[PDB]
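Only one structure is covered here, and it is reproduced in the block below.
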Amino acid sequence: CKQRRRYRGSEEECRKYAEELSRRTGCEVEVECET
């Protein structure tokens, strides 16, 4: 389970979204950061 999402917001918010998702789910998630 290595999935990915495209998220819009601040760089930090994108990084926070990534870390939260990755620790929340026992898997690997990748995020893309748009603004």
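Labels used: A, B, ... for chains in the order of the structure tokens, numbers from 1 for residues in each chain, and numbers from 1 for ligands as shown.
For residue A:21, the residues within 12 Å (counting only C-alpha atoms, excluding itself and residues fewer than 6 positions away along the chain) are residues 2, 3, 4, 5, 7, 13, 14, 15, 27, 28, 29, 30 and 31 of chain A.
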Report task. Mind listing the alpha helix (DSSP H) residues of chain A, per DSSP on the backbone, as a PyMOL selection string? Result -> chain A and resi 11-24
Write the residues you've just listed into a file as a compact mmCIF listing (two decimals), in the first residue's frame, and include N, CA, C and O atoms for each of them.
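Now in again01.txt:
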# COMPACT_ATOMS: atom_id res chain seq x y z
N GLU A 11 3.25 24.83 1.73
CA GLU A 11 4.27 23.78 1.70
C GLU A 11 4.27 22.98 3.01
O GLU A 11 4.19 21.75 3.00
N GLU A 12 4.32 23.71 4.12
CA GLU A 12 4.31 23.10 5.45
C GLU A 12 3.05 22.26 5.67
O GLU A 12 3.12 21.14 6.17
N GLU A 13 1.91 22.82 5.27
CA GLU A 13 0.63 22.13 5.39
C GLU A 13 0.64 20.85 4.57
O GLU A 13 0.07 19.84 4.98
N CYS A 14 1.28 20.91 3.41
CA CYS A 14 1.44 19.74 2.55
C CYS A 14 2.31 18.69 3.24
O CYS A 14 2.00 17.49 3.22
N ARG A 15 3.39 19.15 3.88
CA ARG A 15 4.30 18.26 4.59
C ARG A 15 3.61 17.66 5.81
O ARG A 15 3.83 16.50 6.16
N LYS A 16 2.75 18.46 6.45
CA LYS A 16 2.03 18.05 7.62
C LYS A 16 0.95 17.04 7.23
O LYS A 16 0.74 16.04 7.92
N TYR A 17 0.30 17.31 6.11
CA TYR A 17 -0.69 16.40 5.55
C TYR A 17 -0.05 15.04 5.26
O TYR A 17 -0.61 13.99 5.59
N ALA A 18 1.14 15.09 4.68
CA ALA A 18 1.90 13.88 4.35
C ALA A 18 2.25 13.08 5.60
O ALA A 18 1.95 11.88 5.69
N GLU A 19 2.89 13.74 6.57
CA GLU A 19 3.35 13.06 7.79
C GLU A 19 2.17 12.49 8.57
O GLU A 19 2.21 11.34 9.02
N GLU A 20 1.11 13.29 8.71
CA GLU A 20 -0.11 12.85 9.40
C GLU A 20 -0.68 11.60 8.73
O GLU A 20 -0.92 10.59 9.39
N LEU A 21 -0.88 11.68 7.42
CA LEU A 21 -1.42 10.55 6.66
C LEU A 21 -0.54 9.31 6.82
O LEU A 21 -1.05 8.20 7.03
N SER A 22 0.76 9.51 6.73
CA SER A 22 1.71 8.40 6.72
C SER A 22 1.76 7.71 8.09
O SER A 22 1.94 6.49 8.16
N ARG A 23 1.64 8.48 9.17
CA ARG A 23 1.65 7.91 10.52
C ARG A 23 0.28 7.35 10.89
O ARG A 23 0.17 6.38 11.64
N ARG A 24 -0.77 7.98 10.35
CA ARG A 24 -2.14 7.58 10.65
C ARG A 24 -2.43 6.21 10.04
O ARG A 24 -2.97 5.32 10.70
Quick one: residues within 8 Å of residue A:35, only C-alpha atoms, excluding same-chain residues fewer than 5 positions away - as a PDB file with N, CA, C and O atoms, in the first residue's frame?
ATOM      1  N   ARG A   8      -3.826  20.823  -1.849  1.00  0.00           N
ATOM      2  CA  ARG A   8      -3.606  22.242  -2.082  1.00  0.00           C
ATOM      3  C   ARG A   8      -3.478  22.979  -0.753  1.00  0.00           C
ATOM      4  O   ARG A   8      -4.301  22.794   0.149  1.00  0.00           O
ATOM      5  N   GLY A   9      -2.440  23.798  -0.637  1.00  0.00           N
ATOM      6  CA  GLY A   9      -2.205  24.566   0.572  1.00  0.00           C
ATOM      7  C   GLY A   9      -0.776  25.059   0.651  1.00  0.00           C
ATOM      8  O   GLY A   9      -0.090  25.151  -0.371  1.00  0.00           O
ATOM      9  N   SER A  10      -0.324  25.379   1.857  1.00  0.00           N
ATOM     10  CA  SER A  10       1.049  25.818   2.070  1.00  0.00           C
ATOM     11  C   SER A  10       1.991  24.613   2.102  1.00  0.00           C
ATOM     12  O   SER A  10       1.578  23.512   2.465  1.00  0.00           O
TER      13      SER A  10
END
Requested in this report: as a list in words, please: all residues of chain A that backbone DSSP puts in strand (DSSP E).
Outcome: residues 2, 3, 4, 5, 6, 7, 8, 28, 29, 30, 31, 32, 33 and 34 of chain A
